[PDB]
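In what follows, a structure is listed as structure tokens, so that the remarks can point back to it.
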Ligand SMILES: [Zn+2]
Ligand SMILES: [Zn+2]
Ligand SMILES: [Zn+2]
């Protein structure tokens, strides 16, 4: 209530002096009065706490913040302490939110809370501070300060954007989608460690493209355009190649449709969907496996390889076993199944002759490890009353000498029943996270060496501590200078040449 | 049969080779040194001169296209157009 | 993960899919009854509408076909995301394209255009307009191409600015259309203006064919002006894009790249790597391979013999015809310099006989 009283005091004083006196008066009296009173009472009341800035900002009082901004703008050094207190409150809130102690926190909920806090602060700024530059700079610096204390935030943002991109069930129209994407990229602007963020974005791209074929078809372009306008060129070229692969895949699809429109000699190519992807934009995953191929898939792969070596010569295909899908026409009705490129070898062995066992499908298949077990248990283990691959030894755990049969199961009226045992979770189990963290760390560790050599080859040198400043300046936009690490690393090249330092005395370099 | 495969949605990966037996800047060969090094001996230290591969799969000696990027100009096939995707054949 | 979509809708949709190979009169009725099952929207009835349009196109039933296509256009801006609807409508347009009733084809096209305008289907919309523009260029049409270009540019206009920052791909497609057009009218000034505007604002994700076309135009402009490095780089990127895509323009772009790389002097080879057993031995590229082989070997006599032997595919291009004089001058200069390096004080007629040219040309060189 003091702020309204002092504003009324200012208004009444200025009105009384302007109506009751001359023009050469006014400014001195009101100037000194407001100076002294505002300075003293501001100090006391807005740095004590009593209905202070922290409390009036926590509960969300828009009028109080607006009147405070409009009153404190007249006196110098008021906005400075206002922004300092706001930054202190933001630091406290972040430390209460970015707390690492305690396991069992939801990533998407954490990102949603951070985004809600950012949006609330932006709304308060727009409503009260009239888009002041100082407040924006202070909040940006504070976000940069409290956001880089961890390393799981970028992956959580990636999973949030994957959830927003997989389906636009929330916000069917386009305006709100555009606004939320803009807010997401604005939040990403004040974020560090872009390497792991973009790696997880590529992982989400691989997950959504190799399992879904109708993701957005219109928002992918918007996503990658925002990446172009936001990031530089490190993995944006990776995304370029990723989309180039889809373009070439559809061009190959239509030209192959023209190919089978002109005859086709034998059958086996009944209904095929072959795709062309490059190795430099889609990673292997683990090892480029060498498993077997079912017969109709064998014919399809042979035809595709012959075409690619005939009309796209100069490059050879490499076979791998991680991705794909197929429809298995089974047969009282004819229900078509779905096999994800792994159990279809077992179904090949069954097409030749069923009533096999685990030994039969592990000996005459060149089949991989426990991923085989997960693929095989899809048709038998954990199955509802639409079982298509039944066994006599009904049990949960998998045996070796167990026979497989078939049940018609007329209850399965669905003619495109699928068994989606794969893609149970998308949590990115530690192994791959750690390996890609090591990969991006090595990427940074050789990028810094490339920068230091490329710059100091076009520049001069130092005696004790001159060049470190230039490399920190040119790596300022990348990450922290890390003086100890660079100091320990620059002296490791002395056992070689390229402007070393000389073992006997570290001061004469190989110029 | 009791089961029959109808469709397939395979993913086919491919690798880039365009293997040839000639060079461009030194006019000698893909391997067996270049104009700036001639012989195998005379301070090679296991012949520190290998083959450089670009994103477009074109192949040159590392030294050849390195001096190409250094001597005449850097703009033709710069870091935006020509990448460094491999080292050695 | 899993999500129960619907059981009965899928069951009847598959029943009608099986029925489609039977008499179409019953398949259409069953598909129309699938839309009656849910009533509101469609989901599986969305695909049922597409199947009904296909079967009606089989038995030449267009009026209700277009009414139900309007229903699908309204369904695009519905619970069905505008993701698979674009592929579905591309397939419907291709199916309509099977027949030859151009009036019906363009009625379909205009209804689609207006519906997509109403649905603010920005990406889908300029994709459709770009496809229409490519069709017009393939038929050398500019009356409606100009209108489409103006509309797309206005959509790209940020009021004060004539360009956005994320509609860079939009302007990229627009400039690809205009590059094809001004290749038809060979307007050099408009070509350079387009290339400059593209280089500045186009920075975005390209489609490989579009990037290849724009880089081909840039290389043409640069080698028309005189820049050899820029033209070589542009032909390089265009030929890489053509290698990725597969367009027939790959051979012509490779020939232009071969010409450009020979003009930057300093002894570089364009047939070395990509022109291999597949491409080096290509009948249309073997002549260029032999030319650059002679260029490497500095064999002026063999080079001129190959020029005269394959003149129907060496200087046939008016541009290569223009540049053959400069190429001959450069190769003769290189041979002369190599010949006169090891010694001094050499007579002119011997050089003229070695170069198989006139004495005056030797003196001028
Ligand atoms: Zn070399
Ligand atoms: Zn050497
Ligand atoms: Zn390279």
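The residue numbers of chain B are those assigned by Swiss-Prot, with the residues present covering 20-108 sequentially.
Cβ atoms are placed via backbone N, Cα and C, with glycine included.
What Swiss-Prot says about this one:
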{"type": "BINDING", "residues": "B:42, B:45, B:80, B:83", "note": "Zn(2+) 1 binding site"}
{"type": "BINDING", "residues": "B:53, B:56, B:68, B:82", "note": "Zn(2+) 2 binding site"}
{"type": "ZN_FING", "residues": "B:53-98", "note": "zinc finger"}
{"type": "BINDING", "residues": "B:75, B:77, B:94, B:97", "note": "Zn(2+) 3 binding site"}
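The binding-site residues listed here are B:42, B:83, B:94; among them, B:42 has the most other Cβ atoms within 10 Å of its own Cβ. Ranking the binding-site residues B:53, B:68, B:94, B:97 by the distance of their Cα atoms from the Cα of residue B:83 (Zn(2+) 1 binding site) places B:53 first. Each residue contributes its Cα atom, and for residue B:75 (Zn(2+) 3 binding site) and residue B:53 (Zn(2+) 2 binding site) those atoms are 22 Å apart. The Cβ of residue B:53 (Zn(2+) 2 binding site) has 20 neighbouring Cβ atoms from other residues within 10 Å, across all protein chains displayed. Note: none of the binding-site residues B:56, B:80, B:82 has a C-beta at a distance under 8 Å from a chain C C-beta. Checking the binding-site residues B:75, B:77, B:80, B:94, B:97 for a CB within less than 6 Å of any atom of ligand 1 leaves B:80, listed in sequence order. Annotation: B:80 are the binding-site residues among B:45, B:77, B:80, B:94 whose CA atoms are within 10 angstroms of the CA of residue B:68 (Zn(2+) 2 binding site).
Closest to residue B:45 (Zn(2+) 1 binding site) by Cα-Cα distance, out of the binding-site residues B:53, B:56, B:77, B:82, is B:53.
Remark: of the binding-site residues B:45, B:68, the most isolated position is B:68 (fewest other Cβ atoms within 10 Å of its Cβ). Counting residues per DSSP class in helix, strand and coil order gives 9 helix, 6 strand, 31 coil for the zinc finger (B:53-98).
Of all the binding-site residues listed here (B:53, B:56, B:94), B:53 has the Cα closest to the Cα of residue B:80 (Zn(2+) 1 binding site). Taking each of the binding-site residues B:56, B:75 in turn and counting other Cβ atoms within 10 Å of its Cβ gives the largest count for B:75.
Taking only the Cα positions, the spacing between residue B:97 (Zn(2+) 3 binding site) and residue B:56 (Zn(2+) 2 binding site) is 25 angstrom.
The Cα atom of residue B:77 (Zn(2+) 3 binding site) lies nearest to that of B:42, taking the binding-site residues B:42, B:53, B:56 as the candidates.
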